[PDB]
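I have placed the structure first, in the form of structure tokens, so that the comments after it can refer back to it.
Protein chains: 2
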Amino acid sequence: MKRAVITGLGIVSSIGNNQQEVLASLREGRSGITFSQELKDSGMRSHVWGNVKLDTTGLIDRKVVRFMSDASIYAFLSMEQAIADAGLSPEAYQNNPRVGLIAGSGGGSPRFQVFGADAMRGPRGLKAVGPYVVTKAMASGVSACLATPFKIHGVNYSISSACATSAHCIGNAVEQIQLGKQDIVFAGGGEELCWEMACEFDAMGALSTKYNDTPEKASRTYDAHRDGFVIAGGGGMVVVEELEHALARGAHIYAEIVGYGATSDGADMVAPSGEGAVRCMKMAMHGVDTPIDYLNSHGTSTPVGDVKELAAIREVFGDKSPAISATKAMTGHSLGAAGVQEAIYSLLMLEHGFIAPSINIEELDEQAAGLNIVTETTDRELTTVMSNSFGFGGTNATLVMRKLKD
Amino acid sequence: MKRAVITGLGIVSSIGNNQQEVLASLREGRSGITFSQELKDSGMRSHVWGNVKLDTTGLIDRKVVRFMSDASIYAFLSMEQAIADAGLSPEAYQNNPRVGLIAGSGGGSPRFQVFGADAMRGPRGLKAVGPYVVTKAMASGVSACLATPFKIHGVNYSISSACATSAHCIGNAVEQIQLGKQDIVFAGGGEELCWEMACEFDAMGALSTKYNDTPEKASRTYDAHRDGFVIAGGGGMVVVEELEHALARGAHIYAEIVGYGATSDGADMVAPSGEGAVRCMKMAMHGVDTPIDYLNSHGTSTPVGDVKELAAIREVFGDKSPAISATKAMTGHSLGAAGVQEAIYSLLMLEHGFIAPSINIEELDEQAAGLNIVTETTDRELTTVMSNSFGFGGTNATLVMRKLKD
Ligand SMILES: *C(=O)CCCCCCC
Ligand SMILES: *C(=O)CCCCCCC
Ligand SMILES: [N+]
Ligand SMILES: [N+]
Numbered sequence: 001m002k003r004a005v006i007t008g009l010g011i012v013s014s015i016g017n018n019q020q021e022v023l024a025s026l027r028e029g030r031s032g033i034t035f036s037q038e039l040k041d042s043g044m045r046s047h048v049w050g051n052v053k054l055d056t057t058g059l060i061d062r063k064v065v066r067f068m069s070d071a072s073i074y075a076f077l078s079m080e081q082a083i084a085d086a087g088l089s090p091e092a093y094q095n096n097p098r099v100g101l102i103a104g105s106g107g108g109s110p111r112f113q114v115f116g117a118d119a120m121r122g123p124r125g126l127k128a129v130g131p132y133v134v135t136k137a138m139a140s141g142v143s144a145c146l147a148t149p150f151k152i153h154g155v156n157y158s159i160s161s162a163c164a165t166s167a168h169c170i171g172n173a174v175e176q177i178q179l180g181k182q183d184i185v186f187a188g189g190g191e192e193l194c195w196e197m198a199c200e201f202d203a204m205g206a207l208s209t210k211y212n213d214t215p216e217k218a219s220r221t222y223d224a225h226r227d228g229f230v231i232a233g234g235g236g237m238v239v240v241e242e243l244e245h246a247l248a249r250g251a252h253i254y255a256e257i258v259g260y261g262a263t264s265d266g267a268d269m270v271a272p273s274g275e276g277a278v279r280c281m282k283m284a285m286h287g288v289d290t291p292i293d294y295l296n297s298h299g300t301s302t303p304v305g306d307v308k309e310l311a312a313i314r315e316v317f318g319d320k321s322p323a324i325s326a327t328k329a330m331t332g333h334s335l336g337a338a339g340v341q342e343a344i345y346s347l348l349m350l351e352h353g354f355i356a357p358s359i360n361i362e363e364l365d366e367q368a369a370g371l372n373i374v375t376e377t378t379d380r381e382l383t384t385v386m387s388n389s390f391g392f393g394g395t396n397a398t399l400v401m402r403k404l405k406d
Numbered sequence: 001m002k003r004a005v006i007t008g009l010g011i012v013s014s015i016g017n018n019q020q021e022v023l024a025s026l027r028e029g030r031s032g033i034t035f036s037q038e039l040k041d042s043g044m045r046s047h048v049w050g051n052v053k054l055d056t057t058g059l060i061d062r063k064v065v066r067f068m069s070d071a072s073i074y075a076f077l078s079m080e081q082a083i084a085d086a087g088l089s090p091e092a093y094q095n096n097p098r099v100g101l102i103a104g105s106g107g108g109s110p111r112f113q114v115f116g117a118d119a120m121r122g123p124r125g126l127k128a129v130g131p132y133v134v135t136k137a138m139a140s141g142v143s144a145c146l147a148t149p150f151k152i153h154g155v156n157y158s159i160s161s162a163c164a165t166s167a168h169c170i171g172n173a174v175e176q177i178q179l180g181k182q183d184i185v186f187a188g189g190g191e192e193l194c195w196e197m198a199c200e201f202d203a204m205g206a207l208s209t210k211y212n213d214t215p216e217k218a219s220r221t222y223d224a225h226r227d228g229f230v231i232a233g234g235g236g237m238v239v240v241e242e243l244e245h246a247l248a249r250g251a252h253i254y255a256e257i258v259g260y261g262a263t264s265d266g267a268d269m270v271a272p273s274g275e276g277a278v279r280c281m282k283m284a285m286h287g288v289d290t291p292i293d294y295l296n297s298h299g300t301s302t303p304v305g306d307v308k309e310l311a312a313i314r315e316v317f318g319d320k321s322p323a324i325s326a327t328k329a330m331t332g333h334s335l336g337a338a339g340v341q342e343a344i345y346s347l348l349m350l351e352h353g354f355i356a357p358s359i360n361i362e363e364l365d366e367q368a369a370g371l372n373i374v375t376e377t378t379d380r381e382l383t384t385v386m387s388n389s390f391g392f393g394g395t396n397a398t399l400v401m402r403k404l405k406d
């Protein structure tokens, strides 16, 4: 009955390029959303996005970054952070069959998939395509482009489940620890930000389009006038480690993954059923007898989704409603990367004793009446936290993390 | 730790639209490669592929297929076959938290990703893109598009690992049964066939280009004159079930998954290290008290690749090499769907007592000497079979299946 703990974390987000910058943003309720000329020039209605403010040029060995797409790059940088944060020397995690990596993305790389088709149809054909498009566009790019340069010898693959992707990745890593198959598994994911993929969401009306003049107000989970989520890009990675192994080397422990839920709606393709989320959270709560002090919701700032999840939460907790805040109101929706990025925001809140505000709620949706939705940064000692991730296809994931004594 | 057996299978392949057609092709050593006008027109050098010879029009409900890409369609049809072949009905596998789905693809849908970009860049913009591109293009399309219409309530996500994709899905399904989380998990995957994706492989010189005039001979694993693999499309799906649960319902049991290996090279991005394959195979043989009677190699018909695996196999078995066959010689490389399709070819061989032929070996590579490579359909009573699946990024998967024994 092996225990799984998080001993290191790394992040590249719209609101910060390391845990310190992210910490400050969360505490200040600072938005990472900006106006995107690229999205506007593509012909989209949504002209806002949660972009990574960082020129990654030269941050990765050329011989290595040549095979990578943005999703892989973001995850790579995140992993470097997590390795250092975990205090793992090369000899400690490299060429070690007991050390694996499970990380993916929601869309792989639409940009390079399109680059290849465009190049191929041009005057140069194959010569224009080049020999690096496959590793960049394949769905497992995120895991393949990291496992190889990091000398990973254990498990190596990507779990993909739309907006639940990185959450499932972390959960699966936990399972590897529980099966005694691995001592350490770097888990997380990444996602590129481009009109190529964005227009696809805009074309189904999933993106916000009425607040382009005021980018930082576009993402407004629970607000009565929300009109879709704000697409974002970025990456995240956490070090899931077996408890004894962690203690033995004196690793710093953020928390223990005491609960992992993964269910399926078997209902609608792009809308949640809520019934599945209820089972997902309940599964994650099995054997967890401490109260959930804070719930980092999936809340993407969409009309149907936001309240559907609030309803499931009600069903699960009843008059025991935990503090709730939707960090996407600040960060935007990083899709496949949201799972790990939000587990990190939750771990930071747990580590530093505070609840990040759910911003831009000028008028609370009436269906959210009677819930403890935190709208102002609040200091508080937290012990157990829950984070939800739901994606198209009715795929659900929930992670419950708890502080260890002393 | 509970046991997992396969109680049903389904397949849409270049050599068959079902297990009967697949069985007939394998024993006959029939090829599924054809000349592709599409590949030639796109400007590629490789003009051959293993296409699915099936008019899928009207095979899937209008409201269901509208969200699907070819990879999803192939997997869906495979699942329908698996369900019927398993003897399961809606009342038993639908709306059941104890039944899940783990299936994926290698590249999601480059075709619909390119369609979205092409359409968006047109004068109609968002209107031309339509509201169904995300579910077709997202990496988790294969699992999302199946779990929803089939009403799955248990796990629901895609494992993606290039050419090892569907093999990892199966092993992960096994882990769900071993963890006691699920009683049944439909596992496998699919992959579309299009110049959009194929041209990326040609651009890196991975595809055969010298036999465009003799299609059925282009794919020739282990032949000294091999020159890259032949890309293919299709799907596969097996019903992974807990032992007691299967016996209790008088289910037909093809075999038990007695071994599952998953490792990482941590070396080259597009080339195998061999060291990883060795560990992967030994991991899947740990505890197996029976010898490997047959081995369905990864063998894609590439210069370095083919020989690297053989070297790994000699390293594992020494002088006790099992009968070896590379079915890709007649089917082609279905990338993400290869793992499950080849797991199925193996189950059929184990079920019908025979070893399919490794065709097109006009001249055996010298580095292949000393091994037992079967080049003729041979009747034999197998008990324990092994299937290997390797992918870019140094991702290795190995599955060992055996006749049932309580
Ligand atoms: C989240 O579930 C919405 C769908 C994201 C899919 C990944 C991007 C193609
Ligand atoms: C097999 O490992 C070769 C790469 C397959 C990627 C499929 C998506 C482009
Ligand atoms: N979350
Ligand atoms: N195989």
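Sequence lines, in order, name chains B and A. For the first sequence, the entry's author numbering begins at 1 and goes up steadily by one. For the second sequence, the entry's author numbering begins at 1 and goes up steadily by one. All residues carry an ideal CB built from backbone N, CA and C; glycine is no exception.
Classification of residue i by the beta-carbon crowding that lies within 10 angstroms, buried from 16 upward
i: B/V238; result: buried
i: B/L23; result: buried
i: A/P303; result: exposed
i: A/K136; result: buried
i: B/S161; result: buried
i: B/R62; result: exposed
i: A/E28; result: exposed
i: B/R249; result: exposed
i: A/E366; result: exposed
i: residue 449 of chain B; result: Here chain B covers residues 1 to 406 and nothing more, so residue 449 of chain B does not appear.
i: B/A92; result: exposed
i: B/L179; result: exposed
i: B/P123; result: exposed
i: A/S14; result: buried
Proximity test, residue i beta-carbon vs ligand 1 heavy atom, cut-off 7 Å
i: B/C163; result: yes
i: A/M138; result: yes
i: A/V288; result: no
i: B/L335; result: yes
i: A/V134; result: yes
Proximity test, residue i beta-carbon vs ligand 2 heavy atom, cut-off 7 Å
i: A/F392; result: yes
i: B/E196; result: no
i: A/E200; result: yes
i: B/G190; result: no
i: B/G107; result: no
Run of the beta strand (DSSP E) containing residue i, from where it starts to where it stops
i: B/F150; result: Unbroken run through B/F150: none, as it is neither H nor E.
i: B/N360; result: It is not in any beta strand (DSSP E) - B/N360 carries neither H nor E in the DSSP assignment.
i: B/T221; result: It is not in any beta strand (DSSP E) - B/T221 carries neither H nor E in the DSSP assignment.
i: A/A262; result: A255 to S264
i: B/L399; result: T395 to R402
i: A/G8; result: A4 to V12
i: A/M1; result: A/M1 -> no beta strand (DSSP E), and no H or E assigned at all.
i: A/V230; result: A/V230 -> no beta strand (DSSP E), and no H or E assigned at all.
Limits of the alpha helix (DSSP H) - the one that residue i falls within
i: B/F201; result: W195 to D202
i: A/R27; result: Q19 to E28
i: B/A248; result: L243 to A248
Output the residue ranges of the beta strand (DSSP E) runs that lie fully inside the stretch 72–138 of chain A and measure 3 residues or longer, sorted by chain position.
-> 99–104
For ligand 3, enumerate in chain order all residues having a CB closer than 6 Å to any of its heavy atoms.
-> B/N296, B/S297, B/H298, B/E342, B/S387, B/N388 and B/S389
Scan the stretch 269–353 of chain A and note each continuous alpha helix (DSSP H) run of 4 residues or more that stays entirely inside, going in chain order.
-> 275–285, 303–317, 328–331 and 338–351
Could I get the ranges of all uninterrupted alpha helix (DSSP H) runs contained in the stretch 30–72 of chain B, with 4 residues as the minimum, in chain order?
-> 37–42 and 62–65
For the stretch 155–214 of chain A, which segments carrying the alpha helix (DSSP H) assignment without a break, of at least 4 residues, lie completely within its bounds, in sequence order?
-> 165–178 and 195–202
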